[PDB]
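J.: Here come the first chain(s), positioned as in the complex:
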Amino acid sequence: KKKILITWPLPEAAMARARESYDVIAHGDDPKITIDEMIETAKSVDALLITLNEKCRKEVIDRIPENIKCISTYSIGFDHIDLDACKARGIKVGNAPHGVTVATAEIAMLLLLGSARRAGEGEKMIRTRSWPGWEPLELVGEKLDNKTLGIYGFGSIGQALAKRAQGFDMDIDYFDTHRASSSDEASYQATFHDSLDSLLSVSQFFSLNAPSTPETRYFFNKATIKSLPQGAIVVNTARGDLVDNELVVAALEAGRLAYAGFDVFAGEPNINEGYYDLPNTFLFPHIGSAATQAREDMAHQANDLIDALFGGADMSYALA
C-alpha cells in the first residue's frame, strides 16, 4: 500500500477512494499545511496530493524529498507549481482540469439573475431586520427576458451559460477569437461579433468568461466601460485580473454600471475594499465550482493521476 499525503480535506467520496487504495496521511485545515510540514511529511510518503494553496515555487520543488516523484494537483491550473523545476528533477506532475463547466455556468447565471433582481440587497434587508413590508417601489430590479447578454469568451463555459440564458429568453451575442461552429451558434441562436467593441455596444448584460492573457489583463476598465450601454450589468467568473477594480468601483458609484456580480477578484481573498459597501454588487467567495459533483470529479481525477504513476503508465492529466 503506497502512501500519499493529502494536504487538505477533500469531499468524502474522494477521501474514501484514497483510503481504499493508499495509506493516506490526511491533513486538516484548521491550521493548514505549512510548506515545511509538507516537506517534512513528504519523507514518509510516496506521493503528494496538493491544492492550489500549496505554492510549490522552484525553491520549494528543490527542497522536496527525493522520495517523492509524483505531485497531483487538485486544480485546473498550475500557476502554483514550477513545471520546469519538476521536469528537470524528474518529478511528474498532473492536474484535475474537468468537472467544473456546468458548475461555473450555473454561477455565472446566478450572478446575472441575482444582479438583475437585487438578491444581495434583498438578503440583507431581511437578515438586518430592516424590512417594513411590501411597497410598490421596494428593491425593484429588471427582468432578463428579451434583454441582450454579451458573452466574451464562448468556449465550454460560455456555451453552457448561453444554454441557461436562453431559458430566461435572453438574446445571446458573443465574441471569441475562436468562432464556434455554425451547428453551435444555431444551438443558442447566438449572434457572433467579430470585435469586442462590437459586442460591448449591445451588451446590457456582460459576462467575462475570457482567457487571461498579458494583453487582456485589466482590459475591463474605464474606456471599456464607456462602450457598454448605460446601466449595463457585468458579471465575472473567470479571472479577477481581467477587471480593473478602481474603474469598476467608480462606475458602480456613478451608476455608469447598474450592478456587478463578481465571483473572482484581483488579490483574493484581499479584494479591493471598495466592493464591501457597494450596495449594487452581488459577490461570491470564488464559489464557481463549489458543487459536490464538481469537487469530486476533480478529486477522482487527482487520484487517477497518482494511480497511473504507481501503476507505471502515463498520467491522465500529465502536466510534467
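T.: Perfect, thanks for sending it. Residues are numbered from 1 along each chain as shown, chains lettered A, B, ... in the order given.
J.: For the rest of this, base every contact and every neighbour count on C-alpha atoms.
T.: Will do.
J.: element containing residue A:5, please.
T.: Under the criterion DSSP states H and E, the helix or strand holding residue A:5 is strand A:3-6.
J.: same question, residue A:154
T.: Per DSSP H and E: residue A:154 is located in neither a helix nor a strand.
J.: Residue A:207 now?
T.: Applying DSSP H and E as the criterion places residue A:207 in strand A:205-208.
J.: Determine the set of other helices and strands touching that strand.
T.: When contacts are defined as 3 or more Cα pairs under 8 Å, 6 or more residues apart in numbering; DSSP states H and E, strand A:205-208 sits against strand A:148-152, strand A:232-236.
J.: So for residue A:186, which of the ones you listed sits nearest?
T.: For these, distance to residue A:186 was read as Cα to Cα. The smallest value, 15.4 Å, belongs to strand A:148-152.
J.: Which strands or helices does the closest one pack on?
T.: For strand A:148-152, the packing partners by 3+ Cα pairs under 8 Å, 6+ apart come out as strand A:171-175, helix A:196-202, strand A:205-208.
J.: Quick one: these as CSV, columns for distance to residue A:159 too.
T.: Supplementary listing: the helices and strands packed on strand A:148-152 in CSV, determined by distance: least, Cα to Cα, whole Å:
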stretch, distance to residue A:159
strand A:171-175, 10
helix A:196-202, 16
strand A:205-208, 12
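J.: looking at those, which is closest to residue A:237?
T.: Among the helices and strands packed on strand A:148-152, the nearest to residue A:237 by Cα to Cα is strand A:205-208 (6.8 Å).
J.: The helices and strands packed on strand A:205-208: which one's closest to residue A:106?
T.: Of all the helices and strands packed on strand A:205-208, the one in closest proximity to residue A:106, counting by Cα to Cα, is strand A:232-236 (12.3 Å).
J.: Please name every helix or strand in contact with the closest one.
T.: With contacts defined as 3+ Cα pairs under 8 Å, 6+ apart, strand A:232-236 has these neighbours: helix A:101-116, strand A:205-208, strand A:257-262.
J.: Between those, which one is closest to residue A:307.
T.: Shortest distance between residue A:307 and the helices and strands packed on strand A:232-236, using Cα to Cα, is found for helix A:101-116: 24.4 Å.
J.: Show me the contact partners of the closest one.
T.: Contacts made with helix A:101-116 from outside it, assessed by Cα atoms under 8 Å, 6 or more residues apart in numbering, are listed as A:120, A:141-144, A:156-158, A:160-161, A:164-165, A:205, A:207, A:233-237, A:259-263, A:280-283, A:287-291, A:294.
J.: and that helix with strand A:232-236, angle?
T.: Computed by axes from the mean of the first three to the mean of the last three Cα atoms, to 10 degrees, the angle separating helix A:101-116 from strand A:232-236 equals 150 degrees.
J.: Just the C-alphas of helix A:101-116, formatted as CSV.
T.: These are the backbone C-alpha positions of helix A:101-116, laid out as CSV (Å, rounded to 0.1, in the frame of the first residue of the first chain):
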residue,chain,number,x,y,z
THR,A,101,-18.0,23.6,-16.6
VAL,A,102,-21.7,23.4,-15.7
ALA,A,103,-20.9,24.4,-12.1
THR,A,104,-19.3,27.6,-13.3
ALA,A,105,-22.0,28.3,-15.9
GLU,A,106,-24.6,28.0,-13.1
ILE,A,107,-22.8,30.6,-11.0
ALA,A,108,-22.4,32.9,-13.9
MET,A,109,-26.3,32.6,-14.4
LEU,A,110,-26.9,33.1,-10.7
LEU,A,111,-24.8,36.2,-10.7
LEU,A,112,-26.6,37.7,-13.7
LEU,A,113,-30.1,36.8,-12.2
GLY,A,114,-29.1,37.9,-8.7
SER,A,115,-27.8,41.2,-10.1
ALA,A,116,-30.9,42.0,-12.3
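J.: sequence below should go in as chain B:
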Amino acid sequence: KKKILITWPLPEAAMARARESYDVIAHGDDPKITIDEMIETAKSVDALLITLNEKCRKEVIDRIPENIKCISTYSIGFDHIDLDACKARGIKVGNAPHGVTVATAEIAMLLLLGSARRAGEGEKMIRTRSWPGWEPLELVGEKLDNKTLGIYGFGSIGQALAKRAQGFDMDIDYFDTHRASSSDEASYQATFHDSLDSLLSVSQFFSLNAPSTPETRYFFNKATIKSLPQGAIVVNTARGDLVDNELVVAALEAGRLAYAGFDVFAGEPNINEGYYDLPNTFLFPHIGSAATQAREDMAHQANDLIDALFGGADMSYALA
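T.: If we add chain B to the chains shown above, we get the following:
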C-alpha cells in the same frame, strides 16, 4: 382633470401617465398613508388608487365619502377590499392582475439556484470579511443539472418556471388538480403526478406555486416534509400561509430539509423569528414581482380602470 389620490409612490412611468390625464394627489411613503388621512383626502378627489397596504374592509368602506365611486388597487389580489360592501354602496373596484408571471418565475428560479449554491452564505462571507481564500470544501452545494424539480401548481408561473429550469437541465415532475394539455407537457417534458404525494416523493427540489385555499392553507408541514427525499430543497413564492413555519424551521435545523428559499412569509414582514439566523435559507423581502417592467404594467392596468370609470365603460379588470 378628474382628481385622484395615489396612496403610494408608484414607478416613474405610471406616475407620469397619471399626471397626464388626472390632477393627482401623490402621497409619499415617508410617513405612509393612514386610513383616516385617506378617508379625509377622499373627500377632495374623485377616485382612489390604493395598494394592498390599505385595508379597505367593511368598517372602512363605511367611512368612504359619497364622491368616491371608483377604486383601483395596485395589486393582483383584493383580500384587502370588501368587494361586497363596495357593490352594495355602488362603488366600482378593479385590480391589476397581469405582468407578474415571468418576474415571479425568475424569482422562483433564483431561489432554487441560490439555494443549491448557497448564495446567501457567500454574500455573508464576503461582506463580513470572513473569507480565508479558496479551499476545497468552502461553501460547497450542488448542481441542478439532472436533478428533479417538483412543481406544485402548473399554471402560468409554474410553466415559465419549468421553461427556466429545463435550461439548467432539471427534470420537471408536477402535480396540478387539472392535468395540463398534452402540448404543455411536451413543451417541458413535464411528468404528471396524479397526487401531491407521488410528487413529493421524487422531489429533490420542490416549488410551491399552489393557490392559497382552505384545503391548501398550511399544507406544508411535518407530514408533507417527511414525504420528501432526504435533504430536499423547498422554495415558496406563492403565499406564506401555505407553509407551516414551525415545522420548516425544525426540519431545516435537523437537516431533514437541506435548504429553503422563500419569498413570502406567514405574517410578513413580521416573519417567524427563527428564520433570521438559519444559514441554510435563502430569503427575500417579497420581490417576486419587483422588476420595473412588471411594476409598470401594473400601474398602467390600475390607471386603465380609472380611465374606464370616467369613460362610462367597464373597468378592464372589474372586480365589483
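J.: now that chain B has been added, could you go back to what packs on strand A:232-236?
T.: Helices and strands touching strand A:232-236, by 3 or more Cα pairs under 8 Å, 6 or more residues apart in numbering or on different chains; DSSP states H and E, are helix A:101-116, strand A:205-208, strand A:257-262.
J.: Would you indicate which residues of stretch A:296-313 are buried?
T.: Counting neighbours by 16 or more other Cα atoms under 10 Å in any protein chain shown, one finds that the buried residues in stretch A:296-313 are A:296-307, A:309.
J.: Dump these to TSV, plus distance to residue A:93 and secondary structure.
T.: Conversion of those to TSV gives the following (distance: Cα to Cα, whole Å; DSSP: H, G, I helix; E, B strand; the rest coil):
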residue	distance to residue A:93	secondary structure
A:296	19	helix
A:297	18	helix
A:298	15	helix
A:299	15	helix
A:300	16	helix
A:301	13	helix
A:302	10	helix
A:303	12	helix
A:304	12	helix
A:305	8	helix
A:306	9	helix
A:307	12	helix
A:309	10	helix
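J.: tell me the two of those residues that are most distant?
T.: Of all pairs drawn from the buried residues of stretch A:296-313, the one with the largest separation by Cα to Cα is A:296 and A:309; the distance is 20.2 Å.
J.: so residue A:95 makes contact with residue A:306?
T.: No. Taking contact to mean Cα atoms under 8 Å, the distance of 10.1 Å between residue A:95 and residue A:306 leaves them out of contact.
J.: Overlap of the contact sets of those two?
T.: For the pair residue A:95 and residue A:306, residues contacting each of them under the criterion Cα atoms under 8 Å, 6 or more residues apart in numbering or on different chains are residue A:72.
J.: How about stretch A:180-188 and chain B, touching?
T.: No. Looking at stretch A:180-188 against chain B by Cα under 8 Å from any Cα of the partner chain, there are no contacts, and the closest approach is 11.2 Å.
J.: what's the spacing between that stretch and its chain's center?
T.: For stretch A:180-188, the distance from its own C-alpha centre to the chain's C-alpha centre is 25 Å (Cα atoms, centre = their mean, to the nearest Å).
J.: which residues touch the residue lying closest to residue A:238 once chain neighbours are set aside?
T.: In this structure, residue A:238 finds its nearest non-sequential neighbour in residue A:209, 5.1 Å apart by Cα to Cα, 6 or more residues apart in numbering or on different chains. With contacts defined as Cα under 8 Å, 6+ apart, residue A:209 is in contact with A:151-154, A:157-158, A:236-238.
J.: Which residues does stretch A:188-195 contact?
T.: With Cα under 8 Å, 6+ apart, stretch A:188-195 has contacts from A:162-163, A:166, A:171-176, A:179, A:185, A:199.
J.: hang on, I meant stretch A:241-256
T.: Residues from elsewhere that reach stretch A:241-256 (Cα under 8 Å, 6+ apart): A:212, A:216-222, A:225-226, A:230-232, A:257-260, A:265-266, A:272, A:274-275, A:278, A:280.
J.: Quick check: buried residues in it?
T.: Across stretch A:241-256, burial judged by 16+ other Cα under 10 Å covers A:241-245, A:247-249, A:251-253, A:256.
J.: and what of stretch A:213-224?
T.: A:218-222.
J.: Between the two ends of stretch A:64-83, how far is it?
T.: Taking Cα to Cα, to the nearest Å, the span from the opening residue of stretch A:64-83 to its closing residue is 14 Å.
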